[PDB]
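Asker: Take a look at the following structure, please.
There are 4 protein chains.
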Amino acid sequence: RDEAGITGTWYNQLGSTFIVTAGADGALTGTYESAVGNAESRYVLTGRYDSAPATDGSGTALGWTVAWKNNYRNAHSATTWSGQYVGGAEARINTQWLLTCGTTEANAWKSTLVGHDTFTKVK
Amino acid sequence: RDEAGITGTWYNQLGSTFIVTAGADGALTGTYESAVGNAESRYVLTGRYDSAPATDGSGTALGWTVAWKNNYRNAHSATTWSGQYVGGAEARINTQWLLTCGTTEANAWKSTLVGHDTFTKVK
Amino acid sequence: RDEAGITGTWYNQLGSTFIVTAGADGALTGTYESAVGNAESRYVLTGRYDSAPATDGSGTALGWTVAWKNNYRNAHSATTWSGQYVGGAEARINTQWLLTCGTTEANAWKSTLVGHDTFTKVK
Amino acid sequence: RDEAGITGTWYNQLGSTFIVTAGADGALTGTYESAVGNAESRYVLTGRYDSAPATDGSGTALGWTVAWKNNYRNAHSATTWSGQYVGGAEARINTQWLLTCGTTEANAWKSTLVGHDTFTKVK
Numbered sequence: 001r002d003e004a005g006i007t008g009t010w011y012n013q014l015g016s017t018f019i020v021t022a023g024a025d026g027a028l029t030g031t032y033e034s035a036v037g038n039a040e041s042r043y044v045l046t047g048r049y050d051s052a053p054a055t056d057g058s059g060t061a062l063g064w065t066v067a068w069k070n071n072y073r074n075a076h077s078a079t080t081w082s083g084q085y086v087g088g089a090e091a092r093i094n095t096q097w098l099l100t101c102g103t104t105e106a107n108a109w110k111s112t113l114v115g116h117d118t119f120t121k122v123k
Numbered sequence: 001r002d003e004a005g006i007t008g009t010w011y012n013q014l015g016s017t018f019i020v021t022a023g024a025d026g027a028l029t030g031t032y033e034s035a036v037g038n039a040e041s042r043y044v045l046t047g048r049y050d051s052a053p054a055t056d057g058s059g060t061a062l063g064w065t066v067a068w069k070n071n072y073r074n075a076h077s078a079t080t081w082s083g084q085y086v087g088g089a090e091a092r093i094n095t096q097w098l099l100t101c102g103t104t105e106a107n108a109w110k111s112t113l114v115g116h117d118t119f120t121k122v123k
Numbered sequence: 001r002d003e004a005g006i007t008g009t010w011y012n013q014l015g016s017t018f019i020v021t022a023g024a025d026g027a028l029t030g031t032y033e034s035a036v037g038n039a040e041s042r043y044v045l046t047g048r049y050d051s052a053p054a055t056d057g058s059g060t061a062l063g064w065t066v067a068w069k070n071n072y073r074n075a076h077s078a079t080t081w082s083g084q085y086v087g088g089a090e091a092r093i094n095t096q097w098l099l100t101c102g103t104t105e106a107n108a109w110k111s112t113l114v115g116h117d118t119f120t121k122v123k
Numbered sequence: 001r002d003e004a005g006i007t008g009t010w011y012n013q014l015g016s017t018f019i020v021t022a023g024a025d026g027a028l029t030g031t032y033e034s035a036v037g038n039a040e041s042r043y044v045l046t047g048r049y050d051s052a053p054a055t056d057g058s059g060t061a062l063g064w065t066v067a068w069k070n071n072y073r074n075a076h077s078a079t080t081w082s083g084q085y086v087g088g089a090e091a092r093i094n095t096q097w098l099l100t101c102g103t104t105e106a107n108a109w110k111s112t113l114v115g116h117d118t119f120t121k122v123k
C-alpha cells in the first residue's frame, strides 16, 4: 500500500502540478493544473490505484481522469492517465495519456491525442 | 448536460457491463464488470465528463478509471478509458483505453496495452 | 504466408483506399489515399508483415507508414498503422494508428493522434 | 531535408540500435536490433519521412515498421514507430510506438502494446 507514497504534490516534465490524496480503498482524488493547452487554474481529478501491489519490486498501477471544465474555462475535452507509481529515493509516476475532445462524428478520427508524462515529487 | 443520457447501464463489444451515475458537477461513479481478462464480478470505477458540452453537434468528452482489485481478485493493473458520449437514437460511448500493469523497471517497456471499446445501451 | 491474402485493394471505415503488394520476404509496398484530412490523391506507403505466421488460428502481424507528402500537398506528418490481417470469408485488417505532426518542441505534447481503422476487401 | 541528419546509427533508452538510410524521396530503410523482448540480431525496417519539412523550427515527421521475423526468430508481431526528428546539437528522434502481436480473435483485445522511445546519436 503506497497510500502515503502517492498522496501529495507531483510535477511533470511540462511543468504541470498534480495534487492527489490516495484513499485506503484505492481512491484517488485531487486537482490538476496544466502548464500547457486550453486550461487555467485547477481542475478536479478522480481516479483509482492498486492498494495492495505485488511485493516483488513491481510498480503500483494507477489511473485518473480530468475533464477540462472548471469555473474559468471549458475546453470540451478529457484526459486520462494510465501508469504506475514507483517508490524509493527518485520516486516517479510514469504514465501514458489519452486526451479526447468532443467532436462531430465527421471529425471523430482526429478526436484523440496520445502522450506520456513523468511525474516527480521535485522541480 | 447529458447527465441523464450518460447515467445507466452500458455494454461493449466484448460483452462487458459498465454501470455509471453522472453527477451535475461532472462526476462519474459506478461499477465495471469485464467479460475478458483477469477479472471477476464488479470493480469500482470513477471518472469525469464535460457537464456543459458544445451545442454544435459535438459529442461529450469523458473518461474513467478501473483499478483491477476487488474482493475476489487483484490483477495489479488499471485501465483508463478516454472518449466521448454521442446521443440520439443509436446512442454510443466511443472510447480508446490504456491498460497499465504494475511491472519491474526492466519490464516497463511492455507494461501498457492500448485498445478501443464501443459501448451501447443495448445487447 | 498470406502474401496473396494481403496483396490487393483495401477500404476502411472512413472510405480510404489502401493498395498494397506483399513480398515473399515480408515487404509491403503500395499507395494510400485518405478520405479525410489534409490529403489528396495517392501517397507512398511502405511496411512489413510476418511472412510465416503461427498456424494456430492467430492473425498475421503487420504494419506500414505513410508520410503525408506527395506532388500535390505536404501536411508535415506521418501515420503508422500497426495491426493484424485475419483471413477467411469476411477477411479484415484490424489496426491502431499513430499520426505524428512535425511541431515545435513547445507543442510536442500535442503532436500525436491515436485511432483505429478496420479495412476490408469490400465497400 | 534532413536526409543526412537522419541517415546513420541511433540508440534508444532501452539500449536498442536503429541503423537507417534516408532517401531523397522520403524513403527510410535499415535495420533494428532490440535490446529487449523476443528478438535477437538485426531485423529489416522500412519507413517514410517528410523530405521537405516546415522551416519554422518544427521537427520532421517520420515513421517506420519492424516485423519481428528474421533468420533467427519469429515473434509473430510488428512494431511501428511514429514520431519526429529534431536536429541541432542534442539531435533526437522522439517516438511513440504500437506493437501488435498476431492473436486469435478471442484475444484481440490484448494484442497491442503502446510505448515511447527516444533515440539519440550517442550512448
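Quick mapping for you: the protein sequence lines, in order, are chains A, B, C and D.
When we follow the working numbering, the leftmost residue of the first sequence carries the number 1, and every step to the right adds one.
When we follow the working numbering, the leftmost residue of the second sequence carries the number 1, and every step to the right adds one.
When we follow the working numbering, the leftmost residue of the third sequence carries the number 1, and every step to the right adds one.
When we follow the working numbering, the leftmost residue of the fourth sequence carries the number 1, and every step to the right adds one.
Cβ atoms here follow ideal geometry from the backbone N, Cα and C, with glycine treated the same way.
1) To the nearest angstrom, how far is the alpha carbon of B:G63 from that of B:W81?
2) If you follow the beta strand (DSSP E) that B:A67 is part of, which residue opens it and which one closes it?
3) Could you tell me which residues DSSP pairs with C:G102 in its beta bridges?
4) Which of the three DSSP states, helix, strand or coil, is assigned to C:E90?
5) Residue range of the alpha helix (DSSP H) that A:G23 falls in?
6) Relative to the alpha-carbon of B:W109, which residue among D:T7, D:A75, D:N107, D:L98 has its alpha-carbon at the smallest distance?
7) Considering only DSSP beta bridges, list what B:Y85 is partnered with.
8) One question on the structure: do C:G102 and D:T65 come within less than 8 Å of each other, judged by their Cβ atoms?
9) Measuring straight from C-alpha to C-alpha, what distance separates B:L45 and C:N71?
10) Okay, do the segment 105-119 of chain B and the segment 6-20 of chain C touch, 3+ Cβ pairs below 8 Å being the bar?
11) Cβ atoms of A:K69 and B:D50: under 8 Å apart, would you say?
12) Please go through the same chain and pick out, in chain order, the residues whose beta-carbon is closer than 6 Å to the beta-carbon of C:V86, but skip the five residues on each side of it.
13) Is the shortest distance between the beta-carbon of D:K69 and the beta-carbons of chain C less than 8 Å?
14) A:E90 to A:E105, Cα distance in whole Å?
15) What is the rounded straight-line gap between the Cα of C:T17 and the Cα of A:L113?
16) What distance in whole Å lies between the Cβ atoms of C:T95 and C:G83, which are believed to be in contact at a cut-off of 8 Å?
17) Going along the segment 89-120 of chain C in order, which residues come within less than 7 Å of chain B, judged by CB to CB distance?
18) Which same chain residues end up closer than 8 Å to B:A78 when comparing Cβ atoms and leaving out the 5 residues on each side of it in sequence?
19) Taking only beta-carbon atoms, is D:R48 less than 8 Å away from chain C?
20) With a Cβ-Cβ cutoff of 8 Å, do D:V20 and D:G5 count as a contact?
21) Mind listing the chain A neighbours of C:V66? Cutoff is C-beta to C-beta under 8 Å, in chain order.
22) Would A:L45 pass as an interface residue toward chain C - the criterion being a Cβ-Cβ separation below 8 Å?
23) Looking only at DSSP bridge pairs, what is B:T46 linked to?
24) Comparing C-alpha positions only, which one of C:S41, C:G15, C:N107, C:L28 sits nearest to C:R73?
25) Sort D:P53, D:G115, D:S111 by Cα distance to B:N107 and report the nearest one.
26) Between C:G26, C:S34, C:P53, which lies nearest to C:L14 when the distance is taken from Cα to Cα?
27) State the beta-bridge partners of D:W10 as determined by DSSP.
28) How is A:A52 classed by DSSP in three states: helix, strand or coil?
29) Would you kindly work out how many angstroms separate the C-alpha atoms of D:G88 and D:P53, rounded to a whole number?
30) Between A:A22 and A:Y32, what straight-line distance do the alpha-carbon atoms span, to the nearest angstrom?
31) For the beta strand (DSSP E) containing C:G115, name the first residue and the last one.
32) Going by DSSP, which residues form a beta bridge with B:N74?
33) Since B:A75 and B:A39 should fall inside the 8 Å C-beta cutoff, what is the C-beta to C-beta distance between them, to a whole number of angstroms?
34) Does the CB of D:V86 have a neighbour CB from chain C at under 8 Å?
Answerer: Let's see:
1) 5 Å
2) 60-69
3) Its beta-bridge partners do not exist; DSSP assigns none.
4) coil
5) That residue, A:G23, is in no alpha helix (DSSP H); it is neither H nor E in DSSP.
6) D:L98
7) B:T60, B:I93
8) no
9) 50 Å
10) no
11) yes
12) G59, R92
13) yes
14) 44 Å
15) 24 Å
16) 3 Å
17) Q96, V114, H116
18) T65, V66, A67, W68, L99, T100
19) yes
20) no
21) Those within 8 Å of C:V66 in chain A number zero; the least Cβ separation is about 14 Å.
22) no
23) B:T29, B:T65
24) C:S41
25) D:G115
26) C:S34
27) D:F18
28) coil
29) 15 Å
30) 14 Å
31) 112-120
32) B:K69
33) 6 Å
34) yes
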